[PDB]
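[1] First piece of the complex, coordinates kept as in the full assembly:
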Amino acid sequence: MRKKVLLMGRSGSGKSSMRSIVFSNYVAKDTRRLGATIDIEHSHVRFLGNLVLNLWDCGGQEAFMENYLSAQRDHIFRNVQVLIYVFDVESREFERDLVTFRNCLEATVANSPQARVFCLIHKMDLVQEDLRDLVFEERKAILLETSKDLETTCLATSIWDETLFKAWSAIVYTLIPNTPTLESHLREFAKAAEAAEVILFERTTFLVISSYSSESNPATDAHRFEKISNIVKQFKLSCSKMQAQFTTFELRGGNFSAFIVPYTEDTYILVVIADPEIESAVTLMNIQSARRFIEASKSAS
Amino acid sequence: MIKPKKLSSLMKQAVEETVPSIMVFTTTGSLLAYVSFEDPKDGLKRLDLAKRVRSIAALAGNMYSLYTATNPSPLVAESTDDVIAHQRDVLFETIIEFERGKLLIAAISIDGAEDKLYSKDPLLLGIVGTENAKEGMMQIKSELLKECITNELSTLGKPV
Amino acid sequence: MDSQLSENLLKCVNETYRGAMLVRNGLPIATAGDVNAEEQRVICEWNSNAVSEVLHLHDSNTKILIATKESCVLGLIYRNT
């Protein structure tokens, strides 16, 4: 199963930085040494087994993207699953960006009429904090006026905080099929194991595939998933400095207990128990019961 | 899936004055569930009791694991070698007597499957006694708790 | 300890048998009356072929009524005087 994802945007908007940080295990300080992307850099990402993401890291320069809409129009915009257009919020040519975004939208509608548009308004860390909301809603009122042709969500991203993983989790959540089945599986696992919060990650990129939070969840932060993803990616890089693979995490807090163990061959599961009376050794094989069940299910199938 | 509240309700009815604590743990000392005679109301009165029960289970699992590699069954009952071939025995009860208490470690033979929810470590039932406790009543309580926990854990391998 | 076994053990003790001693083949299960100053280990270690015996210590004056069937021994404590 191949999904074709377009990564378009203006010159210097930061598309290769997002591709390197999310998929190629870069950090934010290492993207300053990234060179210019000449034409299109095709990337194949093995994400959740049989599903393969075709990432088309297109060049953002003007002579490249005049060539994209004229000669390579049939090669690029045909069979497009997700179109990602990246907007630099510190760009002084936003009216020049809107016309090019309209041209890319017109080519995408004329070639692949069943596609989803994501407008990532990048470089939000260069905007001061109290102005970081009403500026973004200023652009979000424009692009949603522009993008009435297809389904479009606009997200404010930056590589120096947790919003990048939220945006890329929202991007790859639509590409994963049968997500109500995984949501029902996580709901039944949290009901069976008496867990407050069950979050399923990916093994390599650590993007949040699915999550389920019960009413007994002690966490009140709405941006906790991408924060935990950043935590486990930083610790995976710390383990990879020692040439070792992180396998299991166990915690016993004052009122909680968090367990990060591998679930499938391509996932990690975070299980949080809100009851301190439940020991670690009960939950650490309560997860293994479901792991043995899905191994027995996937052995026959 | 194992419900520790079900195990606590199952072991709460087998607790008297002479038997303060009944706990279920693994051979590595990892505690699963435990009960007590009096329920503490203070937080620290729960914490020191939980630390004491965890230390008791941690020492008792290693004290069971020291004796599990010894087979004294050929050194009794002089008969033919087929009887010795029928003597593949595993430890199932262990009673330790002190001045100010008694300890009983019994391995719970879990049914269902040989690899259902344990990786070659049987669950151990730890029964703590006192000076006025009697060891024969502890064996009856141990076999009742074993035959109830085994039927309770016979429905393991819970799906999704 | 069950309530019906407790009242049965209270029915064991009377003004004649001043002490009741319930024991398995090797381990005690229930005590009533004055069971102290030895007179319990000799009941626990006791084993014989027959089923009905009367035993008293030759360095004491306590006479014990002992029955054994189905791997369960009942001991009754009363003074020889």
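    Cool, got the structure. Numbers count the residues shown, from 1 in each chain, chains lettered A, B, ... in the order given.

[2] Residues contacting the helix or strand harbouring residue B:44, please?
    Take DSSP states H and E as the rule and residue B:44 turns out to sit in helix B:43-67. For helix B:43-67, contacts defined as CB atoms under 8 Å, 6 or more residues apart in numbering or on different chains pick out B:21, B:23, B:25-31, B:34, B:36, B:40, B:91, B:94, B:96, B:103, B:105, B:107, B:124, B:126, B:128. (C-beta placed from N, C-alpha, C; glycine too.)

[3] Could you pick out the buried ones from those residues?
    Neighbour-count burial (16 or more other CB atoms under 10 Å in any protein chain shown) is assigned, among the contacts of helix B:43-67, to B:21, B:23, B:25-27, B:29-31, B:34, B:36, B:91, B:94, B:103, B:105, B:107, B:124, B:126, B:128.

[4] which ones are touching the closest residue to chain B within chain C?
    Closest contact between chain C and chain B, by CB to the nearest CB, is at residue C:27 (3.4 Å). Applying CB under 8 Å, 6+ apart to residue C:27 gives the contacts B:134-136, B:139, C:44.

[5] I'd like the distance between the residue in the stretch 101-250 of chain A positioned nearest to chain C and residue A:65.
    Per CB to the nearest CB, residue A:194 is where the stretch 101-250 of chain A lies closest to chain C, at 33.6 Å. From residue A:194 over to residue A:65 the distance is 53 Å, taken as CB to CB, to the nearest Å.

[6] ditto for residue B:41
    Using CB to CB, we find residue B:41 at a distance of 71 Å from residue A:65.

[7] who has more neighbours, those two?
    residue A:65 (21 against 7; other CB atoms under 10 Å in any protein chain shown).

[8] Quick check: the gap between the more buried one and residue A:85.
    When residue A:65 is compared with residue A:85 (using CB to CB), they lie 11 Å apart.

[9] hey, what's in contact with both of the two?
    In contact with both residue A:65 and residue A:85: residue A:8, using CB under 8 Å, 6+ apart.

[10] burial of residue 116, as a residue count?
    You didn't say which chain, so I picked chain A. If you count neighbours by other CB under 10 Å, residue A:116 ends up with 17.

[11] you looked at the wrong chain, it should be chain B
    Residue B:116: 14 surrounding residues under other CB under 10 Å.

[12] Also residue A:258?
    Residue A:258 has 18 neighbouring residues, counting by other CB under 10 Å.

[13] you'd agree it is in a strand?
    Yes: according to DSSP: H, G, I helix; E, B strand; the rest coil, residue A:258 belongs to a strand.

[14] Give me the nearest residue to it, chain neighbours excluded.
    residue A:251 (4.2 Å; CB to CB, 6 or more residues apart in numbering or on different chains).

[15] sequence below should go in as chain D:
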Amino acid sequence: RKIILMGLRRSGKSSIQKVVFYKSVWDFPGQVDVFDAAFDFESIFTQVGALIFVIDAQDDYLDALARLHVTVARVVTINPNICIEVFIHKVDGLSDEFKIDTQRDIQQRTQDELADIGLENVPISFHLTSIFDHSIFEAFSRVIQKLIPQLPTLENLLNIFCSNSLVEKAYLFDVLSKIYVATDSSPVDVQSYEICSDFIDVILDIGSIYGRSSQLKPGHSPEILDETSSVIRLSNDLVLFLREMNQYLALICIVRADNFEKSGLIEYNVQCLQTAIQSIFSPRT
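    So, slotting chain D in with the rest:
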């Protein structure tokens, strides 16, 4: 007692307090030194037991060495119980051959002028620091170990705990500053110290996310919370585990997973070490 971070201009002191202190440490500026009477230097230097001088390795340091020597003479004439440490800084851009030659040149230039002055009784230590590495945390830990008068008792306790429990390496971190109060007699690997420093980051961040109910109650917690204990098993037959010792301390130990099969005995020895540490650090008569 306080810690004074001396040095010259563009030596790296403000970046040190940005990395370590900003995630009693005082930063005197690179100018208006002890010859100037802008501050009561003799009153401050009596109450200060640790003096740290930051020396840039890339820049010329002979004027910095003369300022260091007159500052050492000033603080020895103030009090004889001060500890002097030298922080060789900005070694991130230097090669592996350059660091050893710079350390040898700085130590040979300093320890002979110490004999030329005549104050050979005082001990002066030398440290290789860089703000982009974790060597600044290790150097500040070795500075802090001199000020604590309870270091050999904790070190002997960690030695007998590592020998008894088959623990390869143990540290007594402070979780707020990632500075270890005590360690055992075995040397500190940088690959071990990086994962031991980031273990606290993972624990504190997950406990900040999910420790919202009770935890930070303004009046009082109705139930006393458990100590924060964690276990991480790695793929290279090594297990890292933490146990919260005090309100600000923790004990991270590195143990092989062959020796972590008997984790209950290690847990009992951790509890006995917790009792020993809480009885040492309690107020007494």
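
[16] so, the neighbour count of residue A:258 revisited with chain D in the model?
    By the other CB under 10 Å criterion, the neighbourhood of residue A:258 contains 25 residues.

[17] Run a quick check on it versus residue A:269, I expect a contact.
    No: with contact defined as CB atoms under 8 Å, residue A:258 does not reach residue A:269; the gap is 10.9 Å.

[18] Once you drop chain neighbours, what's closest to residue B:148?
    Once flanking residues are discounted, residue B:148 sits nearest to residue B:10: 5.7 Å by CB to CB, 6+ apart.

[19] what's the nearest residue to residue 2 if we skip its chain neighbours?
    All of this is about chain A. Nearest to residue A:2 is residue A:52, by CB to CB, 6+ apart, at 5.0 Å.

[20] Switch to chain D, please.
    Nearest residue to residue D:2, sequence neighbours excluded (CB to CB, 6+ apart): residue D:24, at 3.8 Å.

[21] Report the separation between that neighbour and residue A:14.
    For residue D:24, the distance to residue A:14 equals 43 Å [CB to CB].

[22] Which one of these two is surrounded by more residues?
    A direct count of neighbours by other CB under 10 Å for residue D:24 and residue A:14 places residue A:14 higher, at 23 against 8.

[23] can you tell me which residues contact the residue nearest to residue D:2?
    Each residue near residue D:24 by CB under 8 Å, 6+ apart is listed here: D:1-3.

[24] could you dump those to TSV with secondary structure and distance to residue D:272?
    TSV is the format used below for these (DSSP: H, G, I helix; E, B strand; the rest coil; distance: CB to CB, whole Å):
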residue	secondary structure	distance to residue D:272
D:1	coil	30
D:2	strand	34
D:3	strand	32
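
[25] Out of those residues, grab the one that's most surrounded.
    Neighbour tally across the contacts of residue D:24 (other CB under 10 Å): the maximum, 20 neighbours, falls on residue D:3.

[26] pretty sure it contacts residue D:143?
    Yes: Residue D:3 is within contact range of residue D:143, at 6.8 Å (criterion: CB under 8 Å).

[27] Surely residue B:70 is in a strand?
    No: counting by three-state DSSP, residue B:70 is located in no strand; its state is coil.

[28] Any figure for the gap between it and chain D?
    Distance of residue B:70 to chain D, given as CB to the nearest CB, to the nearest Å: 18 Å.

[29] Tell me how many other residues surround that residue.
    Burial of residue B:70 is recorded as 8 neighbouring residues (other CB under 10 Å).

[30] what sits against it?
    Residue B:70 sits next to no residue when contact means CB under 8 Å, 6+ apart.

[31] same question, residue C:73
    Counting by CB under 8 Å, 6+ apart, residue C:73 touches C:23-25, C:43, C:46, C:66-67.

[32] Put this one in as chain E:
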Amino acid sequence: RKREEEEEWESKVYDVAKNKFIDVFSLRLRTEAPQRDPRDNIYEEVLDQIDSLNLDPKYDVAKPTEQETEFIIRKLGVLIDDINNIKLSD
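    One more chain to add, chain E, which I have set with the ones above:
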């Protein structure tokens, strides 16, 4: 005058924590070892030559009457029924 009392306190609590530890390395299978002292066994015979106590279990047997035998065989059967009538739930 007060630091030495603190040092003595730390020495005695170090001795307490040293005595309270568990030697994990001694707690392993040190078996399949050759013998060390197979000669010092004559102390067993020269101490247990007699030592005034080789005495059998005493329980000096008198003969029971049929009334007490009938009483105890009636009591032991219903106590055995009480034993096998046990239950975990009340």
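
[33] The neighbour count of residue A:258 with chain E there, same question as before?
    The number of residues packed near residue A:258 is 25, by other CB under 10 Å.

[34] And the helix or strand hosting residue D:252, what's buried?
    Element membership of residue D:252 [criterion: DSSP H and E] is strand D:249-256. For strand D:249-256, a neighbour-count test (16+ other CB under 10 Å) marks D:249-255 as buried.

[35] likewise stretch E:23-41?
    residue E:24.

[36] close to chain D, is it?
    Yes: if you take CB under 8 Å from any CB of the partner chain as the test, stretch E:23-41 does meet chain D, through E:23-25, E:27.

[37] In JSON lines: the buried residues of strand D:249-256, plus distance to chain C.
    Shown next, in JSON lines, are those (distance: CB to the nearest CB, whole Å):
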{"residue": "D:249", "distance to chain C": "48"}
{"residue": "D:250", "distance to chain C": "47"}
{"residue": "D:251", "distance to chain C": "43"}
{"residue": "D:252", "distance to chain C": "47"}
{"residue": "D:253", "distance to chain C": "42"}
{"residue": "D:254", "distance to chain C": "46"}
{"residue": "D:255", "distance to chain C": "40"}
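
[38] Can you tell me which of those is nearest chain E?
    Checking the buried residues of strand D:249-256 one by one against chain E (CB to the nearest CB), the nearest turns out to be residue D:255, at 10.3 Å.

[39] ok, the residue in chain C that chain A sits nearest to to chain E distance?
    Going by CB to the nearest CB, chain A is nearest to residue C:1 of chain C, at 28.4 Å. The spacing between residue C:1 and chain E, counted by CB to the nearest CB, is 10 Å.

[40] That residue and residue B:134, how far apart?
    9 Å.

[41] Give me the common contacts of those two.
    Common neighbours of residue C:1 and residue B:134 (criterion: CB under 8 Å, 6+ apart): residue C:30.

[42] Chain B contacts on the stretch 151-300 of chain A?
    By CB under 8 Å from any CB, the part of the stretch 151-300 of chain A that sits against chain B consists of A:184-185, A:188-189, A:192-194, A:277-282, A:285-286, A:288-290, A:292-293.

[43] 10 Å instead?
    Contact residues (CB under 10 Å from any CB of the partner chain) of the stretch 151-300 of chain A with chain B: A:181, A:184-189, A:191-194, A:275-290, A:292-294, A:296-297.

[44] Check the stretch 51-200 of chain D too.
    So far as CB under 10 Å from any CB goes, the stretch 51-200 of chain D does not lie against chain B anywhere.

[45] Let me see the contact set for residue A:261.
    A:247-250, A:268-271, A:283-284, A:287-288, A:291, D:233 (CB atoms under 10 Å, 6 or more residues apart in numbering or on different chains).
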